[PDB]
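Note sheet for the following structure.
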Amino acid sequence: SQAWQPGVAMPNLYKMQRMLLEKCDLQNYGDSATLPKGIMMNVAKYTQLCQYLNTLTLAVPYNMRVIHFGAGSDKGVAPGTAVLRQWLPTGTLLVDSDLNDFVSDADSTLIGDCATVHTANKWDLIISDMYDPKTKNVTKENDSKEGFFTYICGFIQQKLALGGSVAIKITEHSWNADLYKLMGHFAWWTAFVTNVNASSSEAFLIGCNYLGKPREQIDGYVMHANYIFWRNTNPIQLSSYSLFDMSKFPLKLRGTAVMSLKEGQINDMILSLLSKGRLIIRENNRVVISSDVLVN
Amino acid sequence: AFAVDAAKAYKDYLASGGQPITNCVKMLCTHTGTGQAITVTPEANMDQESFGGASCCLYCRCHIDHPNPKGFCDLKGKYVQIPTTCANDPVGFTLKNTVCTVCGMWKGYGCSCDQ
Ligand SMILES: Nc1ncnc2c1ncn2[C@@H]1O[C@H](CSCc2cc(C(=O)O)cc(-c3cccc(O)c3)c2)[C@@H](O)[C@H]1O
Ligand SMILES: [Zn+2]
Ligand SMILES: [Zn+2]
């Protein structure tokens with residue numbers, strides 16, 4: 001049983017199919033998991049995401065740079081960044097953002113649409129919880145969505161360090177074909193469903209160890225259809241079991257090497273180190289961010 | 001000479017029977033930690049709960065200035081351990097209580113330096 005894992009990752013064989021997109025109909029659609037006393041869904045969800053990310057070959061440099069989009073809640077706090085900050089090595093630079101105002105444990109927070117966010121540096125890990133409930137129009141064709149997904153795709157291509165990783169929230173209706181295609185630019189990728197929210201079509205699209213070029217060609221419409229087919233035919237038993245064992249929670253500080261190489265220096269040898277979670281390619285200057293403000 | 005006193009207004013609102021500030025961010029943790037008051041990662045012992053610090057700061061939560069010249073927050077970006085019996089109101093707890101500068105424990109909730 002997978003009830004003791006933090007969640008379920010999409011099996012590779014489902015990734016290789018060519019299904020057509022149909023409506024997502026989850027067996028366990030009605031149910032909820034029993035959370036430990038006083039624990040919020042979004043703390044439990046981010047805890048399980050981080051527990052699963054502990055099993056991947058994440059690059060963990062000194063001066064890890066992490067940015068978290070969609071980090072506010074409708075009560076004005078940031079439960080996800082509180083978990084990320086618990087997970088990440090002490091001293092990790094953590095930047096926060098959301099459309100609406102909130103108070104945060106991140107080292108810096110920007111308020112506004114994500115498209116107004118600019119950074120000088122590159123990043124080692126990008127986390128996104130952004131989601132628009134207005135996409136859940138069951139009465140119409142589920143097409144690839146734009147909006148913040150357009151920003152995220154460009155932000156990965158321009159500001160993710162080689163070797164870095166990504167976890168971007170999707171749902172049945174909140175998804176983007178280019179983001180799936182971008183998954184083929186990592187050494188490995190999956191769609192991960194937390195056990196605590198398994199009654200939802202939510203998944204985190206995870207790109208592990210960015211390579212900056214297409215390692216494989218992924219049609220994003222087909223892959224989202226494959227993702228739904230997997231969810232439709234593989235009910236996941238809701239479970240909070242993994243939340244009760246936090247003894248191994250913190251991200252291992254691997255001291256991954258950072259180097260500044262340009263493009264012509266990235267061999268198959270470098271690509272191989274990137275692929276194994278053993279190298280980060282970016283500058284290690286000061287981290288500078290800003291938010292664009294429109295005046296009247 | 002005027003200055004709003006949110007700490008007093010919250011204490012007085014608590015005394016008059018008002019519901020505490022909610023949605024403080026409680027963390028999952030082992031509950032085998034050092035039990036110290038304000039730490040860089042959750043450190044609750046068996047008798048404590050650990051919360052994300054910013055969510056437990058009255059000034060952070062009310063969007064008002066922090067009462068010191070450099071308007072610095074000693075909770076934001078850290079974790080605060082709250083005795084389980086008081087975890088229904090972490091904001092009030094951090095307001096009313098003091099951290100021993102030698103123990104790192106809460107005075108009267110773990111500090112044993114005065115024995
Ligand atoms: N373009 C963008 N730029 C920057 N931040 C962005 C952008 N888009 C979205 N966000 C941010 O992502 C966070 C997660 S969405 C939370 C949610 C979930 C559900 C869900 O699960 O049913 C539902 C809602 C919801 C429910 C009723 C009315 C309503 O109006 C919304 C909200 C969030 O704080 C939001 O501000
Ligand atoms: Zn504060
Ligand atoms: Zn003491």
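Naming scheme: A, B, ... for chains in displayed order of the structure tokens; residues 1 onward per chain; ligands 1 onward as shown.
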Please list as an MDAnalysis selection string every residue within 12 Å of residue 222 in chain A, counting only C-alpha atoms and excluding residues in the same chain fewer than 4 positions away.
chainID A and resid 14:22 143:144 176:178 180:181 217:218 226:229
Quick one: contact table of chain A to ligand 2, 10 Å max, nearest atom pair and distance in Å to one decimal per residue, counting only C-alpha atoms and all ligand atoms, chain and number order, as a Markdown table?
| residue | atom | partner | partner_atom_place_in_ligand_line | distance |
| --- | --- | --- | --- | --- |
| A:103 | CA | ligand 2 | 1 (Zn) | 8.6 |
| A:104 | CA | ligand 2 | 1 (Zn) | 9.4 |
| A:105 | CA | ligand 2 | 1 (Zn) | 9.5 |
10 Å shell around ligand 1 using only C-alpha atoms and all ligand atoms, listed as an MDAnalysis selection string:
chainID A and resid 69:78 97:102 110:117 128:134 136 146:152 169 171 200 202
Calculated over only C-alpha atoms, which of the candidates B:74, B:47, B:5, B:12 has the smallest distance to chain A?
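Closest candidate: B:74.
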Kindly provide, as a list in words, the residues of chain A having any atom no farther than 8 Å from an atom of chain B, counting only C-alpha atoms.
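Going by the stated atoms only, the list reads residues 38, 39, 40, 43, 44, 47, 75, 77, 78, 79, 82, 83, 85, 86, 90, 103, 104, 105, 106, 107, 243, 244, 245, 246 and 247 of chain A.
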Show me which residues line ligand 3, defined as having an atom within 12 Å of a ligand atom where only C-alpha atoms and all ligand atoms count, and present them as number ranges by chain.
B: 35-37, 98-115
Go ahead and save the picked residues with N, CA and C atoms, as a compact mmCIF listing (two decimals), in the first residue's frame.
# COMPACT_ATOMS: atom_id res chain seq x y z
N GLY B 35 12.49 22.60 23.34
CA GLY B 35 11.53 23.34 24.12
C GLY B 35 11.80 24.83 24.30
N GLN B 36 12.88 25.36 23.71
CA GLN B 36 13.16 26.79 23.81
C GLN B 36 12.09 27.61 23.08
N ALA B 37 12.05 28.90 23.40
CA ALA B 37 10.89 29.73 23.10
C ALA B 37 10.81 30.10 21.62
N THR B 98 7.74 36.36 28.55
CA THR B 98 9.11 36.80 28.31
C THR B 98 10.04 35.60 28.22
N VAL B 99 11.06 35.74 27.38
CA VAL B 99 12.05 34.70 27.14
C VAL B 99 13.25 34.96 28.03
N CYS B 100 13.66 33.96 28.80
CA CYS B 100 14.88 34.07 29.59
C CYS B 100 16.09 34.25 28.68
N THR B 101 16.89 35.28 28.95
CA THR B 101 18.07 35.53 28.12
C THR B 101 19.20 34.54 28.36
N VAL B 102 19.06 33.63 29.33
CA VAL B 102 20.06 32.59 29.59
C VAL B 102 19.54 31.21 29.19
N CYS B 103 18.30 30.88 29.58
CA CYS B 103 17.71 29.60 29.21
C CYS B 103 17.42 29.52 27.71
N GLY B 104 16.90 30.61 27.14
CA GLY B 104 16.14 30.53 25.91
C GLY B 104 14.73 30.02 26.10
N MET B 105 14.37 29.62 27.32
CA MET B 105 13.04 29.13 27.66
C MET B 105 12.13 30.28 28.07
N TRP B 106 10.82 30.02 28.05
CA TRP B 106 9.85 30.98 28.55
C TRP B 106 9.93 31.05 30.07
N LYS B 107 10.01 32.28 30.60
CA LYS B 107 9.93 32.45 32.05
C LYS B 107 8.64 31.84 32.57
N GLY B 108 8.76 30.97 33.56
CA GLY B 108 7.60 30.29 34.10
C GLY B 108 7.02 29.20 33.22
N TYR B 109 7.65 28.90 32.09
CA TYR B 109 7.21 27.80 31.24
C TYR B 109 8.40 27.03 30.70
N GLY B 110 9.38 26.75 31.56
CA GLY B 110 10.54 26.00 31.13
C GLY B 110 11.84 26.51 31.70
N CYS B 111 11.93 27.82 31.92
CA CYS B 111 13.12 28.39 32.54
C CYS B 111 13.26 27.93 33.98
N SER B 112 14.40 27.33 34.31
CA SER B 112 14.68 26.88 35.67
C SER B 112 15.90 27.56 36.28
N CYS B 113 16.33 28.69 35.71
CA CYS B 113 17.50 29.39 36.20
C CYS B 113 17.34 29.90 37.63
N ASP B 114 16.10 30.11 38.08
CA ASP B 114 15.82 30.62 39.42
C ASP B 114 15.49 29.49 40.39
N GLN B 115 16.43 28.56 40.55
CA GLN B 115 16.25 27.44 41.45
C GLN B 115 17.53 27.17 42.25
Using DSSP secondary structure from the backbone, list all alpha helix (DSSP H) positions within chain B, as a ChimeraX atom specification.
/B:6-15,58-62,90-96
Produce a file of the selected residues containing N, CA and C atoms, as an mmCIF file, in the first residue's frame.
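As a result, result.cif now contains:
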data_model
loop_
_atom_site.group_PDB
_atom_site.id
_atom_site.type_symbol
_atom_site.label_atom_id
_atom_site.label_comp_id
_atom_site.auth_asym_id
_atom_site.auth_seq_id
_atom_site.Cartn_x
_atom_site.Cartn_y
_atom_site.Cartn_z
ATOM 1 N N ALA B 6 -1.561 48.754 20.606
ATOM 2 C CA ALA B 6 -2.295 47.557 20.213
ATOM 3 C C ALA B 6 -2.157 46.444 21.240
ATOM 4 N N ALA B 7 -0.990 46.333 21.883
ATOM 5 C CA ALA B 7 -0.803 45.310 22.907
ATOM 6 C C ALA B 7 -1.848 45.452 24.003
ATOM 7 N N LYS B 8 -2.044 46.684 24.497
ATOM 8 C CA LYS B 8 -3.055 46.923 25.524
ATOM 9 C C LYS B 8 -4.455 46.657 24.995
ATOM 10 N N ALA B 9 -4.747 47.114 23.775
ATOM 11 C CA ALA B 9 -6.077 46.900 23.214
ATOM 12 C C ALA B 9 -6.382 45.410 23.049
ATOM 13 N N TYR B 10 -5.366 44.600 22.724
ATOM 14 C CA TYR B 10 -5.621 43.168 22.572
ATOM 15 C C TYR B 10 -5.843 42.513 23.929
ATOM 16 N N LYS B 11 -4.958 42.796 24.895
ATOM 17 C CA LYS B 11 -5.138 42.300 26.262
ATOM 18 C C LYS B 11 -6.501 42.684 26.823
ATOM 19 N N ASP B 12 -6.918 43.939 26.624
ATOM 20 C CA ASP B 12 -8.214 44.358 27.150
ATOM 21 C C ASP B 12 -9.346 43.664 26.416
ATOM 22 N N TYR B 13 -9.180 43.439 25.110
ATOM 23 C CA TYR B 13 -10.201 42.709 24.365
ATOM 24 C C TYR B 13 -10.263 41.251 24.817
ATOM 25 N N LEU B 14 -9.119 40.661 25.182
ATOM 26 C CA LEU B 14 -9.122 39.295 25.700
ATOM 27 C C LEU B 14 -9.835 39.233 27.045
ATOM 28 N N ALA B 15 -9.519 40.176 27.943
ATOM 29 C CA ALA B 15 -10.167 40.214 29.251
ATOM 30 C C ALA B 15 -11.674 40.365 29.112
ATOM 31 N N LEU B 58 1.488 39.845 17.010
ATOM 32 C CA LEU B 58 0.402 40.822 16.991
ATOM 33 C C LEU B 58 0.634 41.910 15.947
ATOM 34 N N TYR B 59 1.843 42.466 15.905
ATOM 35 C CA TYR B 59 2.114 43.583 15.002
ATOM 36 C C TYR B 59 2.128 43.140 13.543
ATOM 37 N N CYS B 60 2.758 41.994 13.250
ATOM 38 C CA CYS B 60 2.660 41.414 11.912
ATOM 39 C C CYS B 60 1.210 41.213 11.505
ATOM 40 N N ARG B 61 0.414 40.634 12.405
ATOM 41 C CA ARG B 61 -0.925 40.194 12.045
ATOM 42 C C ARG B 61 -1.896 41.363 11.918
ATOM 43 N N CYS B 62 -1.695 42.429 12.682
ATOM 44 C CA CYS B 62 -2.566 43.590 12.578
ATOM 45 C C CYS B 62 -2.066 44.617 11.569
ATOM 46 N N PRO B 90 -1.925 31.808 20.592
ATOM 47 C CA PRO B 90 -0.473 32.041 20.554
ATOM 48 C C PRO B 90 -0.103 33.514 20.555
ATOM 49 N N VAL B 91 -0.907 34.366 19.918
ATOM 50 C CA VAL B 91 -0.564 35.788 19.870
ATOM 51 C C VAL B 91 -0.566 36.382 21.276
ATOM 52 N N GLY B 92 -1.629 36.122 22.038
ATOM 53 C CA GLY B 92 -1.663 36.591 23.416
ATOM 54 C C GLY B 92 -0.530 36.022 24.246
ATOM 55 N N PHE B 93 -0.167 34.758 23.996
ATOM 56 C CA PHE B 93 0.895 34.156 24.787
ATOM 57 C C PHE B 93 2.222 34.868 24.560
ATOM 58 N N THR B 94 2.597 35.106 23.299
ATOM 59 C CA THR B 94 3.882 35.760 23.061
ATOM 60 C C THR B 94 3.880 37.200 23.573
ATOM 61 N N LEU B 95 2.723 37.861 23.556
ATOM 62 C CA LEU B 95 2.647 39.225 24.074
ATOM 63 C C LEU B 95 2.916 39.257 25.573
ATOM 64 N N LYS B 96 2.254 38.377 26.323
ATOM 65 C CA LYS B 96 2.255 38.439 27.775
ATOM 66 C C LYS B 96 3.495 37.834 28.409
#
Considering only C-alpha atoms, state which residue in the set A:41, A:293, A:211, A:198 is at the smallest distance from residue 185 in chain A.
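Between A:41, A:293, A:211, A:198, the residue approaching residue 185 in chain A most closely is A:211.
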Picked from range 14-127 of chain A by DSSP as strand (DSSP E or B), as a list in words:
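The residues of range 14-127 of chain A classed as strand (DSSP E or B) are residues 61, 65, 66, 67, 68, 69, 93, 94, 95, 96, 97, 98, 108, 109, 110, 111, 117, 118, 119, 123, 124, 125, 126 and 127 of chain A.
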Let me see the file: selected residues, C-alpha atoms, as a PDB file, in the first residue's frame.
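And here's selection_25.pdb as it stands now:
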ATOM      1  CA  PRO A  61      23.898  24.366  -2.513  1.00  0.00           C
ATOM      2  CA  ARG A  65      17.846  30.383  -3.415  1.00  0.00           C
ATOM      3  CA  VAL A  66      14.174  29.421  -3.290  1.00  0.00           C
ATOM      4  CA  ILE A  67      11.191  31.407  -4.538  1.00  0.00           C
ATOM      5  CA  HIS A  68       7.560  30.562  -3.748  1.00  0.00           C
ATOM      6  CA  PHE A  69       4.685  31.902  -5.880  1.00  0.00           C
ATOM      7  CA  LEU A  93      17.261  32.628   1.053  1.00  0.00           C
ATOM      8  CA  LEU A  94      13.489  32.253   0.667  1.00  0.00           C
ATOM      9  CA  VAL A  95      11.425  34.760  -1.342  1.00  0.00           C
ATOM     10  CA  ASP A  96       7.617  34.869  -1.201  1.00  0.00           C
ATOM     11  CA  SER A  97       4.907  36.258  -3.489  1.00  0.00           C
ATOM     12  CA  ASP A  98       1.147  36.541  -3.948  1.00  0.00           C
ATOM     13  CA  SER A 108      11.389  38.834   1.484  1.00  0.00           C
ATOM     14  CA  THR A 109       7.800  39.067   0.215  1.00  0.00           C
ATOM     15  CA  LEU A 110       6.471  40.772  -2.938  1.00  0.00           C
ATOM     16  CA  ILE A 111       2.761  41.553  -3.290  1.00  0.00           C
ATOM     17  CA  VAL A 117       7.908  40.143 -10.252  1.00  0.00           C
ATOM     18  CA  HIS A 118      11.489  40.482 -11.520  1.00  0.00           C
ATOM     19  CA  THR A 119      14.738  39.105 -10.117  1.00  0.00           C
ATOM     20  CA  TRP A 123      17.081  30.371  -8.401  1.00  0.00           C
ATOM     21  CA  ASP A 124      17.740  26.811  -7.217  1.00  0.00           C
ATOM     22  CA  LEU A 125      14.120  25.846  -6.510  1.00  0.00           C
ATOM     23  CA  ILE A 126      10.817  27.309  -7.701  1.00  0.00           C
ATOM     24  CA  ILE A 127       7.589  26.388  -5.869  1.00  0.00           C
TER      25      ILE A 127
END
Identify which of the residues A:7, A:36, A:184, A:91 lies closest to residue 219 in chain A, counting only C-alpha atoms when measuring atom-to-atom distances.
A:184
Near residue 237 in chain A, counting only C-alpha atoms, which residues have an atom at most 9 Å away, once you skip same-chain residues fewer than 4 positions from it, shown as a list in words?
residues 2, 3, 28, 33, 195, 196, 198 and 199 of chain A
Could you check how far CA of residue 51 in chain A sits from CA of residue 215 in chain A, in Å to one decimal?
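A separation of 26.5 Å between them.
If only C-alpha atoms are the atoms counted, then among B:45, B:19, B:68, B:97 the closest residue to residue 81 in chain B is B:45.
Across the model, the gap from CA of residue 6 in chain A to CA of residue 82 in chain B is 26.9 Å.
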